[PDB]
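As stored in query.tsv (TSV, C-alpha atoms and all ligand atoms):
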chain	number	residue	atom	x	y	z
A	1	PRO	CA	0.00	0.00	0.00
A	2	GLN	CA	0.81	3.72	0.05
A	3	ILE	CA	0.97	5.49	3.42
A	4	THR	CA	0.72	9.27	3.52
A	5	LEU	CA	2.31	11.15	6.40
A	6	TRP	CA	-0.47	13.47	7.58
A	7	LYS	CA	-0.48	11.32	10.73
A	8	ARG	CA	2.04	8.99	12.31
A	9	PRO	CA	2.66	5.90	10.10
A	10	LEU	CA	1.41	3.39	12.67
A	11	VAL	CA	0.82	-0.20	11.56
A	12	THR	CA	-0.02	-3.46	13.29
A	13	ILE	CA	2.86	-5.89	13.78
A	14	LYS	CA	3.10	-9.46	15.05
A	15	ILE	CA	6.07	-10.40	17.24
A	16	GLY	CA	6.53	-13.15	19.80
A	17	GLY	CA	2.96	-14.25	19.19
A	18	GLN	CA	1.59	-10.80	20.08
A	19	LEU	CA	-0.01	-7.99	18.10
A	20	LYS	CA	1.28	-4.44	18.56
A	21	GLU	CA	1.21	-1.01	16.93
A	22	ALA	CA	4.51	0.37	15.64
A	23	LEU	CA	5.91	3.21	13.55
A	24	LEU	CA	7.41	2.67	10.12
A	25	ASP	CA	10.44	4.83	10.88
A	26	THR	CA	12.93	5.63	8.11
A	27	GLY	CA	14.92	7.59	10.70
A	28	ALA	CA	15.81	4.48	12.72
A	29	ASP	CA	18.64	2.19	11.64
A	30	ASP	CA	17.29	-0.61	13.85
A	31	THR	CA	14.00	-1.73	15.38
A	32	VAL	CA	13.16	-0.72	18.95
A	33	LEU	CA	10.16	-2.24	20.73
A	34	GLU	CA	8.53	-1.53	24.08
A	35	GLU	CA	9.45	-3.71	27.04
A	36	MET	CA	8.38	-7.32	26.50
A	37	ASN	CA	9.57	-10.62	27.97
A	38	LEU	CA	10.91	-12.43	24.91
A	39	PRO	CA	12.66	-15.79	25.34
A	40	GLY	CA	16.27	-16.45	24.41
A	41	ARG	CA	19.62	-14.79	24.92
A	42	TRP	CA	20.29	-11.09	24.41
A	43	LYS	CA	23.06	-8.51	24.63
A	44	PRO	CA	22.93	-5.16	26.47
A	45	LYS	CA	23.00	-2.04	24.32
A	46	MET	CA	22.49	1.71	24.68
A	47	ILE	CA	20.88	3.79	21.94
A	48	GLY	CA	20.71	7.57	21.66
A	49	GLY	CA	18.21	10.05	20.31
A	50	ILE	CA	16.61	13.36	21.25
A	51	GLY	CA	16.87	13.65	25.03
A	52	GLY	CA	19.71	11.15	25.43
A	53	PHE	CA	20.16	7.39	25.65
A	54	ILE	CA	18.13	4.46	26.93
A	55	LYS	CA	19.29	0.95	27.80
A	56	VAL	CA	17.86	-1.83	25.62
A	57	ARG	CA	18.23	-5.58	25.15
A	58	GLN	CA	19.34	-6.72	21.70
A	59	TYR	CA	17.65	-9.87	20.38
A	60	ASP	CA	18.84	-11.35	17.08
A	61	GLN	CA	16.89	-13.16	14.36
A	62	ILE	CA	13.43	-12.24	15.68
A	63	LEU	CA	10.49	-12.89	13.36
A	64	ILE	CA	8.17	-9.92	12.84
A	65	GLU	CA	5.16	-9.63	10.53
A	66	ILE	CA	4.30	-6.12	9.31
A	67	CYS	CA	0.97	-5.74	7.49
A	68	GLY	CA	1.23	-9.38	6.44
A	69	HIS	CA	4.83	-8.98	5.23
A	70	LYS	CA	7.22	-11.30	7.06
A	71	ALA	CA	10.66	-10.16	8.21
A	72	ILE	CA	13.39	-11.45	10.50
A	73	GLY	CA	16.16	-9.39	12.05
A	74	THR	CA	17.52	-7.70	15.14
A	75	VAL	CA	15.04	-6.25	17.65
A	76	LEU	CA	15.98	-3.95	20.53
A	77	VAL	CA	13.72	-4.15	23.59
A	78	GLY	CA	13.61	-1.42	26.21
A	79	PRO	CA	11.70	1.49	27.77
A	80	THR	CA	10.87	3.19	24.48
A	81	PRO	CA	7.70	5.33	24.37
A	82	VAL	CA	6.73	3.95	20.93
A	83	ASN	CA	7.36	0.79	18.93
A	84	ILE	CA	9.74	1.66	16.09
A	85	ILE	CA	10.19	-0.39	12.91
A	86	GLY	CA	13.63	0.55	11.61
A	87	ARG	CA	15.37	0.22	8.28
A	88	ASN	CA	16.74	-3.24	9.09
A	89	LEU	CA	13.18	-4.57	8.74
A	90	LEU	CA	11.67	-1.95	6.41
A	91	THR	CA	13.97	-3.14	3.62
A	92	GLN	CA	12.81	-6.73	4.13
A	93	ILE	CA	9.19	-5.74	3.43
A	94	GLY	CA	10.14	-3.67	0.38
A	95	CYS	CA	9.39	-0.27	1.92
A	96	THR	CA	10.54	2.87	0.12
A	97	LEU	CA	10.16	6.63	0.38
A	98	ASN	CA	8.72	8.35	-2.68
A	99	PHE	CA	8.30	12.00	-3.63
B	1	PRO	CA	12.76	10.00	-6.63
B	2	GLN	CA	12.22	6.55	-5.11
B	3	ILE	CA	14.46	6.02	-2.08
B	4	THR	CA	15.34	2.55	-0.82
B	5	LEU	CA	16.24	2.10	2.84
B	6	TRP	CA	19.36	-0.08	2.74
B	7	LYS	CA	21.23	3.12	3.66
B	8	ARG	CA	20.17	6.12	5.71
B	9	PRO	CA	17.83	8.41	3.70
B	10	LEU	CA	20.15	11.40	3.89
B	11	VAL	CA	19.50	14.35	1.57
B	12	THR	CA	20.87	17.83	1.02
B	13	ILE	CA	18.66	20.66	2.27
B	14	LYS	CA	18.90	24.42	1.81
B	15	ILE	CA	17.83	26.64	4.71
B	16	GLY	CA	18.73	30.25	5.41
B	17	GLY	CA	20.87	30.18	2.27
B	18	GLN	CA	23.13	27.44	3.67
B	19	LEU	CA	23.41	23.83	2.51
B	20	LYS	CA	23.23	20.98	5.00
B	21	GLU	CA	22.68	17.23	5.17
B	22	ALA	CA	19.55	15.96	6.90
B	23	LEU	CA	17.78	12.66	7.52
B	24	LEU	CA	14.30	11.95	6.17
B	25	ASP	CA	12.61	10.69	9.34
B	26	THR	CA	9.06	9.36	9.05
B	27	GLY	CA	9.12	8.62	12.79
B	28	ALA	CA	9.50	12.33	13.60
B	29	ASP	CA	6.42	14.54	13.86
B	30	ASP	CA	8.56	17.66	13.58
B	31	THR	CA	11.74	18.86	11.90
B	32	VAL	CA	14.70	19.38	14.24
B	33	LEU	CA	18.09	20.74	13.17
B	34	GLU	CA	21.36	21.01	15.07
B	35	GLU	CA	22.40	24.36	16.53
B	36	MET	CA	22.63	27.02	13.84
B	37	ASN	CA	22.03	30.71	13.17
B	38	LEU	CA	18.68	31.50	11.55
B	39	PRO	CA	17.24	34.96	10.82
B	40	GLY	CA	13.99	36.13	12.38
B	41	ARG	CA	12.33	35.69	15.74
B	42	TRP	CA	11.81	32.42	17.60
B	43	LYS	CA	9.98	31.02	20.61
B	44	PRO	CA	11.32	28.64	23.30
B	45	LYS	CA	9.77	25.20	22.91
B	46	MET	CA	10.14	21.69	24.32
B	47	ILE	CA	10.26	18.43	22.35
B	48	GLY	CA	10.67	14.83	23.49
B	49	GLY	CA	12.52	11.96	21.87
B	50	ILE	CA	13.49	8.42	22.74
B	51	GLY	CA	15.69	9.59	25.61
B	52	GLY	CA	13.63	12.44	27.08
B	53	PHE	CA	12.93	16.09	26.41
B	54	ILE	CA	15.14	18.93	25.17
B	55	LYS	CA	14.76	22.69	24.80
B	56	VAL	CA	14.63	23.96	21.22
B	57	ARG	CA	14.16	27.24	19.37
B	58	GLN	CA	11.01	27.17	17.24
B	59	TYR	CA	11.17	29.03	13.92
B	60	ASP	CA	7.84	29.23	12.10
B	61	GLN	CA	7.16	29.69	8.38
B	62	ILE	CA	10.79	29.04	7.40
B	63	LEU	CA	11.77	28.46	3.78
B	64	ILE	CA	13.57	25.13	3.40
B	65	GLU	CA	14.39	23.24	0.21
B	66	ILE	CA	14.69	19.45	0.46
B	67	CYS	CA	16.28	17.51	-2.40
B	68	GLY	CA	15.04	20.20	-4.78
B	69	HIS	CA	11.53	20.38	-3.28
B	70	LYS	CA	10.50	23.58	-1.52
B	71	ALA	CA	8.69	23.71	1.82
B	72	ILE	CA	7.70	26.49	4.21
B	73	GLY	CA	7.00	25.40	7.76
B	74	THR	CA	8.17	25.07	11.33
B	75	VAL	CA	11.83	24.29	12.05
B	76	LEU	CA	13.10	23.48	15.54
B	77	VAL	CA	16.75	24.17	16.40
B	78	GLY	CA	18.46	22.50	19.34
B	79	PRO	CA	20.72	19.68	20.59
B	80	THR	CA	19.34	16.95	18.36
B	81	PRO	CA	21.83	14.15	17.60
B	82	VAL	CA	21.33	14.64	13.83
B	83	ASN	CA	19.41	16.89	11.46
B	84	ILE	CA	16.01	15.27	10.87
B	85	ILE	CA	13.24	16.17	8.43
B	86	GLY	CA	9.92	15.32	10.06
B	87	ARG	CA	6.42	14.74	8.78
B	88	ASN	CA	5.49	18.43	8.97
B	89	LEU	CA	7.76	18.97	5.94
B	90	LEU	CA	7.69	15.49	4.38
B	91	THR	CA	3.99	16.07	3.72
B	92	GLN	CA	4.77	19.38	2.01
B	93	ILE	CA	7.13	17.78	-0.52
B	94	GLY	CA	4.60	15.02	-1.16
B	95	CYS	CA	6.53	12.23	0.55
B	96	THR	CA	4.83	8.87	1.13
B	97	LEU	CA	5.83	5.41	2.28
B	98	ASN	CA	5.22	2.56	-0.16
B	99	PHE	CA	5.62	-1.22	0.02
A	101	LIG	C1	16.76	12.25	16.22
A	101	LIG	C2	16.41	10.80	16.47
A	101	LIG	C3	16.57	9.96	15.19
A	101	LIG	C4	17.95	10.18	14.49
A	101	LIG	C5	19.16	9.84	15.44
A	101	LIG	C6	16.44	8.41	15.58
A	101	LIG	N1	15.10	8.12	16.24
A	101	LIG	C7	14.01	7.68	15.34
A	101	LIG	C8	13.01	8.86	15.15
A	101	LIG	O1	12.14	8.57	14.11
A	101	LIG	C9	12.24	9.10	16.44
A	101	LIG	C10	11.27	7.96	16.74
A	101	LIG	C11	10.46	8.35	18.02
A	101	LIG	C12	9.04	8.88	17.91
A	101	LIG	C13	8.27	9.26	19.18
A	101	LIG	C14	8.92	9.12	20.54
A	101	LIG	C15	10.34	8.60	20.65
A	101	LIG	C16	11.12	8.21	19.39
A	101	LIG	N2	11.43	10.31	16.27
A	101	LIG	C17	11.78	11.57	16.93
A	101	LIG	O2	12.62	11.63	17.77
A	101	LIG	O3	11.06	12.74	16.50
A	101	LIG	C18	11.11	13.98	17.38
A	101	LIG	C19	11.05	14.97	16.61
A	101	LIG	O4	9.47	15.02	16.18
A	101	LIG	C20	8.79	14.70	17.24
A	101	LIG	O5	7.76	13.53	16.97
A	101	LIG	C21	8.29	12.45	17.48
A	101	LIG	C22	9.30	12.95	18.64
A	101	LIG	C23	9.80	14.13	18.23
A	101	LIG	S1	15.20	7.29	17.77
A	101	LIG	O6	13.90	6.76	18.20
A	101	LIG	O7	15.59	8.17	18.86
A	101	LIG	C24	16.45	5.94	17.44
A	101	LIG	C25	17.89	6.14	17.88
A	101	LIG	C26	18.92	5.05	17.59
A	101	LIG	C27	18.49	3.79	16.87
A	101	LIG	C28	19.51	2.71	16.57
A	101	LIG	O8	19.27	2.23	15.29
A	101	LIG	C29	19.39	1.57	17.59
A	101	LIG	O9	20.62	0.89	17.66
A	101	LIG	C30	17.05	3.59	16.42
A	101	LIG	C31	16.02	4.68	16.70
Can the structure from this file be put into structure tokens for me?
Ligand SMILES: CCC(CC)CN(C[C@@H](O)[C@H](Cc1ccccc1)NC(=O)O[C@H]1CO[C@H]2OCC[C@H]21)S(=O)(=O)c1ccc([C@H](O)CO)cc1
Amino acid sequence: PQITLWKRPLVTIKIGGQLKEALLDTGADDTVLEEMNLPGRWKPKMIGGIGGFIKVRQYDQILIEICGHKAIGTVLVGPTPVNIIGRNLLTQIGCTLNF
Amino acid sequence: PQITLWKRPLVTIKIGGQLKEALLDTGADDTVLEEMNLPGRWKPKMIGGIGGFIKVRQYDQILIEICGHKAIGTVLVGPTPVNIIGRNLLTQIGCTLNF
């Protein structure tokens, strides 16, 4: 589909057997999701934006479904105010900017 | 143009007569640029990111050219980690997400 940007580009995603709302964010290299208790091993990481840094947990090879498009990649879990779908997964679903 | 997301969507912008590089950021409501000198008056404003809130200078009705497309809107100036073009201007240049 085509998503205009009058409002936030929020879409439903499926991760860890759960449905969630997340931004399609071309400004994020990686995917950052709100706190959730995923199984498996992880690595600590700190990520910075406006206001400073937050501590997150890096999970690798996580399966996410975005608007029925399947993708698998790194997911960072931490106290983010919004679920953020970054470029590492946007490319996998064939997402582009156009103007 | 059509922009793939295997690299950061960085573009050249023209603001206040000066060229700069900025990131097309669909996850940003607003446009925020690093500290710079801009003509005209401004108002103190607050904006929040992934790591908290910062103080910015709000310039309204500013001429800004993005990858050859002209826009006139609000530009926030403050300690953002990188220059970001937000939806308030992406809409003006007719930018959409497509997959
Ligand atoms: C300048 C920050 C960007 C460029 C460095 C990167 N950011 C993504 C932007 O899209 C954020 C997304 C966001 C939306 C709402 C609340 C919190 C975050 N938008 C945003 O700050 O917009 C400003 C302005 O407009 C206003 O509307 C929204 C809030 C206000 S990030 O989240 O901080 C992030 C950092 C590092 C990674 C690495 O890849 C991981 O390793 C991945 C993501």
Let me make sure I understand: among B:45, B:87, B:57, B:20, which one has the smallest atom-to-atom distance to ligand LIG 101 (chain A) if we use only C-alpha atoms and all ligand atoms?
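Using only C-alpha atoms and all ligand atoms, ligand LIG 101 (chain A) sits closest to B:87.
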Expected answer as number ranges by chain: chain A residues within 9 Å of chain B, all atoms listed in the file:
A: 1-9, 23-29, 47-54, 79-82, 84, 87-88, 90-91, 93-99
Give the superposed chain A as a tab-separated table (two decimals) with C-alpha atoms, in the frame of the given file, the fit being least squares on chain B over all ordered C-alpha pairs.
chain	number	residue	atom	x	y	z
A	1	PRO	CA	12.89	9.51	-6.70
A	2	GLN	CA	12.65	6.28	-4.70
A	3	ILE	CA	14.79	5.92	-1.57
A	4	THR	CA	15.41	2.46	-0.15
A	5	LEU	CA	16.15	2.09	3.54
A	6	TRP	CA	19.26	-0.10	3.60
A	7	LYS	CA	21.03	3.01	4.92
A	8	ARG	CA	19.84	6.17	6.61
A	9	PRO	CA	17.68	8.30	4.23
A	10	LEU	CA	20.02	11.30	4.25
A	11	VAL	CA	19.44	14.06	1.70
A	12	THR	CA	20.86	17.52	1.10
A	13	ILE	CA	18.70	20.44	2.21
A	14	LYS	CA	18.97	24.21	1.81
A	15	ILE	CA	17.94	26.41	4.75
A	16	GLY	CA	18.92	29.94	5.70
A	17	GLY	CA	21.21	30.07	2.69
A	18	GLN	CA	23.15	26.99	3.85
A	19	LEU	CA	23.43	23.41	2.63
A	20	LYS	CA	23.05	20.58	5.14
A	21	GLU	CA	22.41	16.84	5.33
A	22	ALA	CA	19.18	15.71	6.98
A	23	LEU	CA	17.06	12.60	7.51
A	24	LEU	CA	13.70	12.12	5.83
A	25	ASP	CA	12.03	10.97	9.04
A	26	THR	CA	8.45	9.68	8.95
A	27	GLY	CA	8.70	9.20	12.72
A	28	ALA	CA	8.98	12.94	13.41
A	29	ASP	CA	5.89	15.15	13.47
A	30	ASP	CA	8.05	18.27	13.07
A	31	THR	CA	11.45	19.25	11.69
A	32	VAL	CA	14.43	19.48	14.06
A	33	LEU	CA	17.72	20.98	12.87
A	34	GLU	CA	21.14	21.26	14.48
A	35	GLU	CA	22.07	24.49	16.22
A	36	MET	CA	22.22	27.40	13.77
A	37	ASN	CA	21.90	31.16	14.19
A	38	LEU	CA	18.78	31.94	12.17
A	39	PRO	CA	17.37	35.49	12.19
A	40	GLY	CA	13.92	36.41	13.46
A	41	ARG	CA	11.80	35.69	16.50
A	42	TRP	CA	11.31	32.24	18.02
A	43	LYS	CA	9.55	30.47	20.87
A	44	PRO	CA	11.11	28.06	23.39
A	45	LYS	CA	10.01	24.44	23.18
A	46	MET	CA	10.99	21.06	24.61
A	47	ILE	CA	10.73	17.86	22.57
A	48	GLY	CA	11.04	14.28	23.78
A	49	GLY	CA	12.38	11.07	22.32
A	50	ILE	CA	14.52	8.10	23.32
A	51	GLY	CA	16.70	9.26	26.20
A	52	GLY	CA	14.51	12.21	27.20
A	53	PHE	CA	13.94	15.80	26.13
A	54	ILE	CA	16.04	18.58	24.63
A	55	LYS	CA	15.35	22.31	24.54
A	56	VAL	CA	14.83	23.79	21.06
A	57	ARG	CA	13.90	27.11	19.47
A	58	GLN	CA	10.78	27.09	17.31
A	59	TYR	CA	10.97	29.18	14.12
A	60	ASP	CA	7.84	29.54	11.97
A	61	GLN	CA	7.49	29.84	8.20
A	62	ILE	CA	11.08	28.86	7.38
A	63	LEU	CA	11.86	28.07	3.75
A	64	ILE	CA	13.62	24.74	3.17
A	65	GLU	CA	14.54	23.09	-0.13
A	66	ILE	CA	14.78	19.28	-0.10
A	67	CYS	CA	16.26	17.66	-3.22
A	68	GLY	CA	15.06	20.65	-5.23
A	69	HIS	CA	11.55	20.50	-3.74
A	70	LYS	CA	10.62	23.72	-1.95
A	71	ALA	CA	8.77	23.72	1.37
A	72	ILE	CA	7.96	26.23	4.09
A	73	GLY	CA	6.97	25.42	7.66
A	74	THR	CA	8.00	25.26	11.28
A	75	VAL	CA	11.63	24.40	12.10
A	76	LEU	CA	12.92	23.52	15.57
A	77	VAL	CA	16.56	24.41	16.24
A	78	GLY	CA	18.54	22.86	19.07
A	79	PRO	CA	21.27	20.42	20.15
A	80	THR	CA	20.02	17.52	18.05
A	81	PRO	CA	22.62	14.95	16.91
A	82	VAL	CA	21.09	14.77	13.40
A	83	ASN	CA	19.06	17.04	11.14
A	84	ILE	CA	15.52	15.64	10.96
A	85	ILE	CA	13.00	16.44	8.22
A	86	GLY	CA	9.60	15.73	9.77
A	87	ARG	CA	6.15	15.13	8.39
A	88	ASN	CA	5.26	18.83	8.40
A	89	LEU	CA	7.68	19.27	5.48
A	90	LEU	CA	7.65	15.75	4.00
A	91	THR	CA	4.01	16.24	2.99
A	92	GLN	CA	4.89	19.49	1.21
A	93	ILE	CA	7.35	17.67	-1.06
A	94	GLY	CA	4.91	14.84	-1.77
A	95	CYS	CA	6.78	12.16	0.19
A	96	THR	CA	5.06	8.85	0.88
A	97	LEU	CA	5.87	5.44	2.33
A	98	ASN	CA	5.24	2.49	0.03
A	99	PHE	CA	5.32	-1.26	0.56
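Atom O9 of ligand LIG 101 (chain A) is found 29.0 Å from atom CA of residue B:15.
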For the atom pair atom CA of residue A:17 and atom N2 of ligand LIG 101 (chain A), what is the interatomic distance in Å to one decimal place?
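Calculated distance between atom CA of residue A:17 and atom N2 of ligand LIG 101 (chain A) is 26.1 Å.
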Nearest to residue B:21 by atom-to-atom distance, counting only C-alpha atoms, from B:46, B:75, B:66, B:36
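Of the candidates, the smallest distance to residue B:21 is held by B:66.
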From the list B:74, B:18, B:61, B:31, the nearest residue to ligand LIG 101 (chain A) using all atoms listed in the file is B:31
Distance in Å - atom CA of residue B:33 versus atom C1 of ligand LIG 101 (chain A)
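Pair atom CA of residue B:33 / atom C1 of ligand LIG 101 (chain A) returns 9.1 Å.
For the residues B:35, B:30, B:60, B:65, ranking by smallest atom-to-atom distance to ligand LIG 101 (chain A) using all atoms listed in the file places B:30 first.
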I'd like the box whose edges run along x, y and z of the file and which contains every listed atom of stretch 31-36 of chain B, padded by 5 Å per side; could you state its centre and edge lengths in Å, one decimal, as AutoDock Vina command-line options?
--center_x 17.2 --center_y 22.9 --center_z 14.2 --size_x 20.9 --size_y 18.2 --size_z 14.6
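Comparing the minimum interatomic distances between ligand LIG 101 (chain A) and each of B:37, B:12, B:83, B:58, counting all atoms listed in the file, we find that B:83 sits nearest.
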